[PDB]
Each structure stands twice: as structure tokens, then as C-alpha cells.
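A.B. asks: Below is one structure. I have some questions about it.
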Amino acid sequence: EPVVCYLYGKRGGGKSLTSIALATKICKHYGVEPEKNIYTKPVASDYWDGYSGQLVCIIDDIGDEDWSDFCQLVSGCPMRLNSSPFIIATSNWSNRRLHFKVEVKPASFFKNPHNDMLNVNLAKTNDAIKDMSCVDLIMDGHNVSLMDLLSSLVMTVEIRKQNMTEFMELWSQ
């Protein structure tokens, strides 16, 4: 049902900021108010209870084995009313359906020297927040931009907006 974008990396490495940036860019793409269309909560069995139709859902800090819990959340995702929400998951580490796995770490210039975390002040002054160029996004082995990721997610949604998945299975045999 839902396209899951899976962002992982070290604490304070930029995965959280990126999840929100991606979330709001998804909302802007679809002509929708971000502050009303981002449902973000730490992973938990009652994650969906407070949900009320936000376009984008963020499932945070998938740690303490939380992966079985998060697998349930995806399989049991509710519907929307435009028909699935985008799902962004964050986690310290990586690791079967249609998904995007993206490692998030600071771009070399913006890695804090004291700790290997993201220097958000420096990214701010360097106008590197708007496009999240302050961050390295690593997907299928290579660096990718936030807009590339957004564009890829939106396109595969448009692909599934058609009702082709059955035929694509057939065509793929």
C-alpha cells in the first residue's frame, strides 16, 4: 500500500532534519500545508491511534529491538482521504517491499569537528538548509540530493497511481 522512505544514520547526523525537510517538500509538492500534514511519533504499537489523515507520517527512532514493532506498523497502515500516507522511517541502522533506503550523514564541510554530528549553525549561514546540501544522502551506493529523492518517491507514486502493479508483476516474469 504505502511507499516507505527509510532514513538511517548516527545520532545528530542529519536523519531527523532530513525527514522533516523531505516531509515538508512532499507536502509542498502536493499543494498541502506541512504543519497540518506531518504525523510524527516515536515507533510504538499504538502509533496509528492518534493519526488523523496527515499526508506524511514519520516513524522515529526505530531502535532495544523495535524493528518487529515497526514492521507491524507498515503492514497495518490505515487509509487517508484525498489513499495511503507517505511513510518516512528513521533509525540508527539499516535493515522486502517497495522502499527507499537512504543513509544520512553530514557533508564533510558541515561535520562538527568536536563530534561527528551535523553543524546546523554553519549549514544555516551557508544557505545549505533549503536544499539540505549540508547532508550526504547515500542511496544504492551513490550520493543523491534531497530533490532527487523527492522526485524519485513522487514518480514511483505516480507509477502506482496507475493501477499497473498487477501487470508489472506479469511483465516482470
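For the C-alpha cells, the naming scheme is as follows: chains receive sequential letters (A, B, ...) according to their order of presentation, residues are indexed from 1 within each chain, and ligands are indexed from 1 in presentation order.
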Considering only C-alpha atoms, return as number ranges by chain whatever protein or nucleic-acid residues lie within 12 Å of residue A:116, sequence-local ones (same chain, fewer than 3 positions apart) excluded.

C.D. replies: A: 9-14, 105-113, 119

A.B. asks: Can you list, as a PyMOL selection string, every residue of stretch 17-155 of chain A that DSSP puts in strand (DSSP E)?

C.D. replies: chain A and resi 38-42+56-62+86-91+99-106+135-139+142-144

A.B. asks: Counting only C-alpha atoms, what is within 12 Å of stretch 151-162 of chain A, bar same-chain residues fewer than 6 positions away, as a ChimeraX atom specification?

C.D. replies: /A:1-6,22-23,25-30,83-88,98-101,139,144-145,168

A.B. asks: Please identify the helix (DSSP H, G or I) residues within chain A (assignment by DSSP from backbone atoms) and present them as a ChimeraX atom specification.

C.D. replies: /A:15-29,34-36,67-75,108-110,120-125,146-161,165-172

A.B. asks: What is the distance between atom CA of residue A:90 and atom CA of residue A:17, in Å to one decimal?

C.D. replies: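 About the pair atom CA of residue A:90 and atom CA of residue A:17: they are 10.4 Å apart.
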